[PDB]
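1. structure, please.
(3 chains, ligands or ions: 3)
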Amino acid sequence: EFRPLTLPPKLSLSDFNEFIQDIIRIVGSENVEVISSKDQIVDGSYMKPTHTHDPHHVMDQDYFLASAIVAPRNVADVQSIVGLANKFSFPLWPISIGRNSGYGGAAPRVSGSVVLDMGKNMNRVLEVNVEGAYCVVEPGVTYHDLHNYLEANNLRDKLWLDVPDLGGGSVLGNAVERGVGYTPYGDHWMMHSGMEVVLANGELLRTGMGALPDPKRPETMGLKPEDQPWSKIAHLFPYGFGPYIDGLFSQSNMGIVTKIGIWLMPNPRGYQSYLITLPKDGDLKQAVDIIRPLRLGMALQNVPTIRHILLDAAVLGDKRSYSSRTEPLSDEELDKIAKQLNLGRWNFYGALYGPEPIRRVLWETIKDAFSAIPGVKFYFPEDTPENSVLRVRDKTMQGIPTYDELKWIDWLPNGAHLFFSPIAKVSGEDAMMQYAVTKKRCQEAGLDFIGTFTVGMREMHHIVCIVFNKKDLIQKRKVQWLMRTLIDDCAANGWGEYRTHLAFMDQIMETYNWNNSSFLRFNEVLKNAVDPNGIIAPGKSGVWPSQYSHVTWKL
Amino acid sequence: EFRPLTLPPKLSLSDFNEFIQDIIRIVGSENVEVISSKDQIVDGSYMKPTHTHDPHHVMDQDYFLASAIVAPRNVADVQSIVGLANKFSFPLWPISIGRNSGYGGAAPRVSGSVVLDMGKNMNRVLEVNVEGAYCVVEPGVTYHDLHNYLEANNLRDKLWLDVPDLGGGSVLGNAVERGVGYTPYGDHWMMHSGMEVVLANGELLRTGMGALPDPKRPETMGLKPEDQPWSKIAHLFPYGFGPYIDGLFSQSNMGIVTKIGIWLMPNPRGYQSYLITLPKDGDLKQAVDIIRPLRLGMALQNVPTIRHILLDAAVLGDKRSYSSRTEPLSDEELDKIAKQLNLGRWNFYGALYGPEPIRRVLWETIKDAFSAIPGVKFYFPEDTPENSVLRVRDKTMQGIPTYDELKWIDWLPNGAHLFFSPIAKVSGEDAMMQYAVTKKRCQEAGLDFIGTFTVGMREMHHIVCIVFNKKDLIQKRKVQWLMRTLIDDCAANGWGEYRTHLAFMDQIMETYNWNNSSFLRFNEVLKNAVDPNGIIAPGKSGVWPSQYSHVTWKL
Amino acid sequence: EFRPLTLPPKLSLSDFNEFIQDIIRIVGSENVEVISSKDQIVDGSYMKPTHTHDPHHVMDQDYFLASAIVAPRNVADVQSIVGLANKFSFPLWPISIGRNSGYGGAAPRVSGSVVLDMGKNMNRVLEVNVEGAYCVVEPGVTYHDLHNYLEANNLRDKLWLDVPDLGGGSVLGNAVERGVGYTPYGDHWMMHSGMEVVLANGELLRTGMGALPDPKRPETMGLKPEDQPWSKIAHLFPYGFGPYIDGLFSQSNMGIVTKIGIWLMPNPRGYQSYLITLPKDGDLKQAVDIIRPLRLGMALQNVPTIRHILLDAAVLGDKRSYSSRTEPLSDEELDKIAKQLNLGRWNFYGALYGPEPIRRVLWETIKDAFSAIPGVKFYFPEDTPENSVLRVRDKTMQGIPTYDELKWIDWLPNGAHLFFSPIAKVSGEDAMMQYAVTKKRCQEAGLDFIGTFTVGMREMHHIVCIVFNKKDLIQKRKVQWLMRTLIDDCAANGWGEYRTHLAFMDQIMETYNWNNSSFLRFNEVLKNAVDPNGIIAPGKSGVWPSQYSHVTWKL
Ligand SMILES: *Cc1cc2c(cc1C)[n+](Cc1ccc(O)cc1)c1c(=O)[nH]c(=O)nc-1n2C[C@H](O)[C@H](O)[C@H](O)COP(=O)([O-])OP(=O)(O)OC[C@H]1O[C@@H](n2cnc3c(N)ncnc32)[C@H](O)[C@@H]1O
Ligand SMILES: *Cc1cc2c(cc1C)[n+](Cc1ccc(O)cc1)c1c(=O)[nH]c(=O)nc-1n2C[C@H](O)[C@H](O)[C@H](O)COP(=O)([O-])OP(=O)(O)OC[C@H]1O[C@@H](n2cnc3c(N)ncnc32)[C@H](O)[C@@H]1O
Ligand SMILES: *Cc1cc2c(cc1C)[n+](Cc1ccc(O)cc1)c1c(=O)[nH]c(=O)nc-1n2C[C@H](O)[C@H](O)[C@H](O)COP(=O)([O-])OP(=O)(O)OC[C@H]1O[C@@H](n2cnc3c(N)ncnc32)[C@H](O)[C@@H]1O
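-> Numbering: from 1, shown residues only, chains lettered A, B, ... in the order given. Ligands and ions are numbered 1, 2, ... in the order given. Structure data below:
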């Protein structure tokens, strides 16, 4: 409790101690973990994450690190700490889950900060409404939970989730992060309606229609604002009236979110998952010119994703279990692998939704569509092996949370994922053009290119999956080089990343430099006005309170 | 030029004069119209709007009024004036079109303000890209234009708009206002990607991916930031990286928008409009419980709208041309009218989109769906008269801009529309429950209830259409009473309005009072930080720069 | 001493401790009670009140609560603490008595505050002057005391008090609260002349003529300002010269009052109390049209009060001792009760004052007046039973303090009074019109309407007496609902409450919203200027120092 390994800025030890003390004096000694010595070395697991730092560590492991961690027990709690963080100018690092792995996990941008483990005690499914087809959750509600909640309330037969590759993340955190999932409810952020947050001054706020208060009633009298129910329309319409501010709340540091309204997808009455294996590495090109109008025409239902063989392969076994060769794999061993598995070089998964008479037609147009690609082959989970990736993806394209993809995090003995994610047009050319670049460097990096193009409706997210050995300093540096390098090129070409690890937020935000950082600047102004003190997650999205030296702080 | 009828606050005449002078000294005498005497009495037309005030005037006609008007010729212009408005603390009232009729039109919230007729000279279709299925426009681009643009470039066969009941409004303004249209691209605001605005400090900003700058090239050298092209992804992905600020830009006074990226809907390959007449006033109830899961299942394509007989009737002829009776019409004369027209009490229009094999099925489920409603009857524009509303709605549900609905603005000799628009759940009950309230007051008001429920996907917008005689002070007051009254009740019931005339922004913003105006307050803080001086449209969405007395200002 | 259960805002534990320490270091350990654990559960009694909170608790019992309590021993003391409250920004909650029960008692608006038990040691009758017919008192002087003081100085034969229903309250506190009593000296606040208060800066002030200092004299040399006598005219004329500021001192948080000049009523030379029972519930109507011109003509002497049967009945026995029926009593059981007691539905008490030749005439006009009401019946305490309410009221209408009315606080097993008190015109219509509303809700509330119209000379105070069970959370919520509900309606009708419990000060102050809170705003400005720090009773009368989030604070 007395002497963490790292103080936040300008902070005195006594102050830390007092601050930390009052905090124990509220959330309970149970709710706080002070980080006193390096024996923190304990990185974690995906099963039970470390909140102190970056598990997959690229910089010094100990580089981005908490001074201590706090489990607020309830909103009022969050409110009080904000007060203290304000009294002492101790800044906070709020997190729901811990899982922002491949992005930094629980590690705070600024070291010596306070990690606000929000999900610990705030695990509630506040509500699930069928007629509205939505749910309301706390940070702590992981996807699996949100799911089991449905199962145990026999709702599955009426409403469905939308999960990301992994089952464990916070439904809530992922949404503010603007994460991605598979069904037609894939765009997480967009699926929200009505949120709540403890702004910096410690004041509570609820968005959109969340502002229009539920009328009064004998049963609702005297409940803290926090515990008050919401208005009817709160979660069925996100806008409200006048300035639509929710966005200041995603991937920013404008506030601490306590709750959120997530739309649920009504069981559609028909579902069919599949694969369309692509034979040549260059097929990736025509496939896109293909996938393009189908998605826009909505012939393409959920989010199409087109996987690189190894992703699947890695999902399948370690790199070693395929070729004990320190260098990266030859254009040739892939094909060999591509065949060993019955996959392509490129591997397109999707799903059809609803009444079969329409699923049937759609498939015709698609199946019929991808036919111009030679050696193309179509499948249904049944037409494939038991360890089959497509197997998992079927649960996936239907809200069922897996955990199997993690295994690809295993390719290299010390696995640590990291993802580069320039966004590119749905153009086979551009897709190809992008890729070339990406791969080339992975090469240069001593790296196996590994990645996928998830298809947005009018844009495409290229996720370069960089595993790397968390213990080989030589490689990690190679990775940092690679990273920052790719960032530069991408932008050189006009492609921005849309999400990133802690260590690159800056470089990333700077790419977005039109008219002289005009945007960053605007932002700063707003962060200032609202977080006069910088307590809330300074450095996020590379945004810094004036209290922070851009000089001492950026990277 | 010398002596407008109204000065903005704390402004001296000399100052006005100097301010106004320098302004002529840039935009040209052509670009400015000084409002010197009441002979402004000239209200307008929909064909060529008055910018000085509120055409359909509820308060004193002259109540909300410009001191003068200015047509910025180009962005730099807008930038300079901002400077002047800042030099003199003269505030501005930016408008694209002029058409915000039923909301106030060109009338500025604060009188003596400067009306910034943005659309006058900034009429450009900057771009339309087919592969992206989007366009980029200036305030001045009205819908008809955006349309004729397609026609004259033979694009109609590939891309389609999404219009509101009327053809003339600014595509751009309507979007920031969060307006509504008919096709599946009905949600205007949501269809935007990449915008540009002159913030208050006069600095330019482009959102999302608009921040990621187009790489350099010999042909783009030396163009003002304003004239620079955009990045590839600029208009195909709205988010960018870090804080998603676009929303601060809709229905707010955070900035002056110069341009915007609007998604275009690719010609779908099949379209079928229709009507399903509802016989009993109470049918409105079951219809909704009906429409509800179809929209969520997406069986329901574009935005369903369920019209009250009179809307159609009024679209059809004046109230007099149906019953010279100063009082409002009897539950009975309607039915009589409902029959005279072949319509119902309630009248549901929609459209099917794409390949007939799917249109066909959909219609079955729908046609098949509404069958539980007795006396229900289905139609295609062909199955109806030539003056038929459905005729117009077919052009409408397909991006073709009409002008015919205006005629309903004619019901009462001096027609002036005004709309009340509580938002309610897609629940027949609630729908009914809402309505009751609404109508009851229209009664009390000496008013014909006239309205419609446009169906949002998970919420429903009830548009009460209040015509009223712009010259009968007795009635107008009745209307104000009605208004403010309805506002109170609605909220009493938990329904917020989402858009409103100038004269009620306040009352409206106040309904949104959860946790003590927590939201309004937050907003104010942001407006402050960014418009330290209050020049930009103070009072909008009922948000006021501290420079403004809430005491002297609210209503 | 070390760890109260609640800190005031932004306060650190060490600070509390230091603050609390210095305070012990002056007023004595005897004078302070630190609130360390929930074992505070001890609500109290009317005989010896709890200062920590709200005895009759509507919100969480523990909702509004002290951090500790302090008994300043003398003014200098009050002055020093003010200093400390200022040094630490610890705010204060000053109280004389503790009895503000049905309003909150000793509970501070803001929890974690310091309760300033002023009356503990400042119990003095500083003076009673016969020729002036006034007295001067400290907070601690309860009414009984002020009375016994007269008895033991044989003054009763020359001067008389004016008590409220209860004997125990602070004569002083009740006056600043603008309380009410029975004789012609019923308007407490108005009976004051010359007061003294420790303003926020810790500086002492004496009002009106209190400012004109008593000339110097050998015997008065060197006495603290506090102990200095007053000028002659100090207590016989309230105004002084220039701005009449006393009012900033009643029901506000502009200062801590240490003393006050209260006018005494000279024994009048004749007194006769009585009752005029009203038979029908609707008699209440004509009675008022009756009582109206008599009061204005002054035929009506003291404050007439017209009681609802149950008040008397409850004064008489518990509800159970009349009808074991969880629901509220039938219009019928009342009449039955009304008869069981010899009372009416409505029950008008009063008194005649002075020389019999005039009392005699008055009574004629009155007796003669109420004769138009059928079944009307007149009485003198003698014409009634021993447990008779009128018995008590005779002592009452003559300054003699009872304690018997408390028993009505007993109707329901866990008794807790609360009072709603819209003010209405002296119009039988309005009176009736008001009542209807009030009762209707009590209904809805599962509540027995219980109340009375005390007649002001040109306005009438309707005191709805809500008992309710302090342990039944279901009911309490019902009460809050009821409350806030009634508040809304009343105002809907144009009736304001004039006094209220802690938990509604806000809702109440907001009703008073003419011209946009113009008044509240003005007030705030003044509180600001004078209590730059907010230490003095923030939130009172719903007025909050800018140091206080209206967002975090209101209700
Ligand atoms: C390891 C991994 C990650 C991954 C994968 C697959 C694997 C094997 N899939 C594949 C993928 C990856 C990236 C992209 O772009 C697409 C696909 C994912 C997937 O399919 N879709 C995704 O969107 N992400 C995937 N990820 C990444 C990762 O698994 C997810 O992003 C997790 O959901 C993140 O973890 P979680 O524990 O939910 O978040 P947490 O550690 O709590 O941090 C959230 C961040 O947001 C802010 N924040 C969080 N909570 C709050 C609160 N309460 N208030 C305010 N802000 C909050 C913080 O800044 C925090 O840093
Ligand atoms: C008369 C009428 C109106 C109408 C109708 C039908 C009729 C007969 N239909 C039916 C309807 C009405 C309301 C609702 O809610 C639904 C349906 C409409 C329709 O089908 N859908 C609509 O969304 N609106 C309809 N309306 C209302 C009206 O016709 C439209 O809202 C117009 O599009 C508004 O006029 P326009 O000329 O485009 O706007 P303008 O006068 O320029 O003002 C825009 C406001 O927004 C801000 N703003 C505008 N330009 C800028 C710029 N450049 N920068 C910054 N802010 C800007 C301003 O605050 C301005 O006040
Ligand atoms: C329980 C009850 C209450 C009651 C009753 C009858 C019963 C059974 N009678 C009937 C009645 C009730 C309400 C109304 O409107 C009319 C009639 C009362 C009566 O006949 N007349 C009344 O005026 N009130 C009656 N009340 C209510 C209650 O009994 C009285 O209001 C008491 O006199 C209040 O208690 P007391 O102990 O005197 O006050 P205290 O707890 O010290 O608080 C006073 C408040 O004023 C401010 N304040 C107090 N002291 C100071 C000092 N020294 N400086 C500055 N401000 C001070 C504080 O804000 C404090 O909260």
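
2. what segments of the stretch 451-555 of chain A are helices?
-> A:473-492, A:505-511, A:514-530, A:550-553 (DSSP state H, counting those that start in this stretch).

3. and the shortest one with chain B, contact?
-> No: contact between helix A:550-553 and chain B is absent, the nearest approach being 15.0 Å (criterion: C-beta under 8 Å from any C-beta of the partner chain). C-beta here means a position set from N, CA and C on the backbone, and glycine is covered the same way.

4. the stretch 201-350 of chain A against ligand 1: which residues are in contact?
-> A:256, A:257 (C-beta under 6 Å from any ligand atom).

5. tell me which residue of the stretch 201-350 of chain A lies closest to ligand 1.
-> residue A:257 (3.8 Å; C-beta to the nearest ligand atom).

6. and the gap between that residue and chain C?
-> Separation of residue A:257 from chain C (C-beta to the nearest C-beta, to the nearest Å) stands at 17 Å.

7. give the contact list for that residue.
-> Residue A:257 makes contacts with A:94, A:139, A:172, A:176, A:195, A:196, A:197, A:249, as judged by C-beta atoms under 8 Å, 6 or more residues apart in numbering or on different chains.

8. make sure residue A:127 is indeed in a strand.
-> Yes: under DSSP: H, G, I helix; E, B strand; the rest coil, residue A:127 sits within a strand.

9. could you measure from it over to residue B:13?
-> 59 Å (C-beta to C-beta, to the nearest Å).

10. of those two, who's got more company?
-> Ranked by neighbour count (other C-beta atoms under 10 Å in any protein chain shown), residue A:127 and residue B:13 place residue A:127 first, with 15 against 11.

11. in three-state terms, label the residue nearest to residue A:167 when sequence neighbours are not counted for me.
-> Excluding its sequence neighbours, the residue lying closest to residue A:167 (C-beta to C-beta, 6 or more residues apart in numbering or on different chains) is residue A:401, at 3.1 Å. The three-state assignment at residue A:401 reads coil, by three-state DSSP.

12. pretty sure residue A:401 is touching residue A:143, no?
-> Yes: counting by C-beta atoms under 8 Å, residue A:401 does reach residue A:143; the two are 4.9 Å apart.

13. what do the two both touch?
-> Counting by C-beta under 8 Å, 6+ apart, the contacts common to residue A:401 and residue A:143 are A:161, A:163, A:166, A:167, A:168.

14. top of these by number of neighbours, please.
-> residue A:163 (31 neighbours).

15. tell me if that residue really is in a strand.
-> No: checked against three-state DSSP, residue A:163 lies outside a strand; its state is coil.

16. I'd like to know how far it sits from ligand 2.
-> From residue A:163 over to ligand 2 the distance is 36 Å, taken as C-beta to the nearest ligand atom, to the nearest Å.

17. list the contacts for that residue?
-> A:143, A:147, A:181, A:182, A:396, A:399, A:400, A:401, A:402.

18. now the helices for chain A?
-> Secondary structure of chain A (DSSP state H): helices at A:13-27, A:75-88, A:143-151, A:171-176, A:283-297, A:309-316, A:331-341, A:356-369, A:389-396, A:428-444, A:473-492, A:505-511, A:514-530, A:550-553.

19. which of those helices is buried the deepest?
-> When you average the neighbours per residue for each of the helices of chain A (mean count of other C-beta atoms under 10 Å in any protein chain shown), helix A:171-176 leads with a mean of 27.

20. before we move on, back to that, mind checking which of the helices of the stretch 451-555 of chain A is nearest residue C:433?
-> Closest of the helices of the stretch 451-555 of chain A to residue C:433 is helix A:514-530, at 48.5 Å (criterion: C-beta to C-beta).

21. give me the contact list for the closest one.
-> With C-beta under 8 Å, 6+ apart, helix A:514-530 has contacts from A:199-201, A:248, A:252-254, A:509-510, A:512-513, A:541-546, B:199, B:203-207, B:210-213, B:225, B:231, B:240, B:242-243, B:245, B:522, B:525-526, B:528-530.

22. which of those residues are buried? Put it as a PyMOL command.
-> Buried members of the contacts of helix A:514-530, defined by 16 or more other C-beta atoms under 10 Å in any protein chain shown, are picked up in PyMOL with:
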select buried, (chain A and resi 199+200+201+248+252+253+254+509+512+541+542+543+544+545) or (chain B and resi 199+203+204+205+206+207+210+211+212+213+225+231+240+242+243+245+522+525+526+528+529+530)
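
23. near ligand 3, list only the ones from the shared contacts of residue A:401 and residue A:143.
-> With C-beta under 6 Å from any ligand atom as the criterion, those include none near ligand 3.

24. tell me the contacts of the residue in the stretch 101-250 of chain A that ligand 3 sits nearest to?
-> Closest contact between the stretch 101-250 of chain A and ligand 3, by C-beta to the nearest ligand atom, is at residue A:222 (20.5 Å). If a contact means C-beta under 8 Å, 6+ apart, then residue A:222 has C:58, C:59, C:60, C:63, C:476, C:477, C:480 as its contacts.

25. without its sequence neighbours, what residue ends up closest to the fifth one?
-> It refers to residue C:476. Nearest to residue C:476 is residue C:58, by C-beta to C-beta, 6+ apart, at 5.4 Å.

26. same check, this time on the third one
-> Across the structure, with C-beta to C-beta, 6+ apart as the measure, the residue nearest residue C:60 apart from its sequence neighbours is residue A:222 (7.3 Å).

27. repeat for the last one
-> Among residues not flanking residue C:480 along the chain, residue A:221 sits closest, at 3.6 Å (C-beta to C-beta, 6+ apart).
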